[PDB]
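Going left to right, the sequence shown walks through residues 2 to 110, 117 to 150 as the authors' numbering numbers them.
By construction, the Cβ of each residue, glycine as well, lies at the ideal position given by its N, Cα and C atoms.
A quick write-up on the structure given underneath.
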Amino acid sequence: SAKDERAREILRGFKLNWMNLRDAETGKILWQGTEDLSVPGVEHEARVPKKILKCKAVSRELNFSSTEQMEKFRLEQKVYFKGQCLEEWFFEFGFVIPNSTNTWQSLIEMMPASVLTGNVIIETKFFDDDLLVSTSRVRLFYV
Ligand SMILES: CCc1cccc(CCN(CC2CCNCC2)S(=O)(=O)CCCCn2nc(C)c3c(C)n(-c4ccc(C)cc4)nc3c2=O)c1
């Protein structure tokens with residue numbers, strides 16, 4: 002289909018270059034990744050320090066690249082706990098310039120670590136407006 006071929010167009014030329022998870026009161030970096038975790042069809046792993054759980058909020062800064070233009074680049078993220086959706090996050094970047102490289106900052110604002124580690128999956132849905140480009144998943148260990 003036209004929408005299904007466009008969604009593959011954007012996906013082929015997309016890249017998550019790096020991602021930072023900082024403490025939002027100190028800017029202190031708690032976890033850095035350079036893998037492309039937007040890559041679907043794979044269960045990625047993320048071993049973040051458990052101190053992230055004590056933080057009031059967390060600043061998530063990522064840098065991505067897109068060959069294809071995107072009118073309204075947004076994210077639908079679901080936090081699964083033991084296979085059921087615990088929370089639903091929504092973030093919107095907006096217009097993406099074709100062949101552009103963009104850094105995007107967002108702010109994520117409980118249960119003990121021993122319970123969450125290995126039992127938290129983050130499903131991130133990649134949208135351009137109403138078109139879904141891809142779906143990736145990351146498993147979280149709180150070391
Ligand atoms: C509701 C109860 C509960 C239960 C379990 C867990 C939580 C929240 C956990 N915590 C946030 C809290 C911590 C304590 N109070 C402050 C906020 S957390 O541990 O800090 C998470 C920090 C990491 C979140 N995260 N991680 C990755 C790896 C991501 C990737 C790859 N993409 C990604 C984005 C775009 C694309 C195209 C592709 C991919 N988006 C990611 C992302 O959002 C809550």
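Identify the residues that DSSP records as bridge partners of residue i: which are they?
i, result
"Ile30", "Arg23"
Please report the residue range of the beta strand (DSSP E) in which residue i lies.
i, result
"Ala47", "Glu44 to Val49"
"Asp5", "Here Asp5 belongs to no beta strand (DSSP E); instead the alpha helix (DSSP H) covers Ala3 to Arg13."
"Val127", "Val127 to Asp135"
Excluding sequence positions up to five away, which residues of its chain have a Cβ less than 7 Å from the Cβ of residue i?
i, result
"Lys83", "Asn126"
"residue 113", "In this structure residue 113 is absent; the chain steps straight from 110 to 117."
Let me make sure I understand the geometry here. Which of the options has the alpha-carbon closest to that of residue i?
i, options, result
"residue 112", "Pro50, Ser2, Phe92 and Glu10", "In the model as presented, the chain runs from 110 straight to 117, which leaves residue 112 without coordinates."
"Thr102", "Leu17, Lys4 and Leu12", "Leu17"
"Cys86", "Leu123, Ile128 and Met118", "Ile128"
Keeping to the same chain, check which residues put their C-beta closer than 8 Å to that of residue i; ignore five residues upstream and five downstream.
i, result
"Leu108", "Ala25, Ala58, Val59, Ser60 and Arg61"
Within the same chain, show all residues whose beta-carbon is closer than 6 Å to that of residue i, passing over the 5 residues directly before and after it, in chain order.
i, result
"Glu130", "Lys79 and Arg144"
"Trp90", "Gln78"
"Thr35", "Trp19"
Along the chain, where does the alpha helix (DSSP H) that runs through residue i open and close?
i, result
"residue 151", "Because the chain here runs from 2 to 150, residue 151 falls outside it and cannot be looked at."
Query raised in the report: Where in the region 61-91 do unbroken runs of the beta strand (DSSP E), each at least 3 residues long, occur, reported from the N-terminal end onward?
Result: Here the runs fully enclosed are 71-82.
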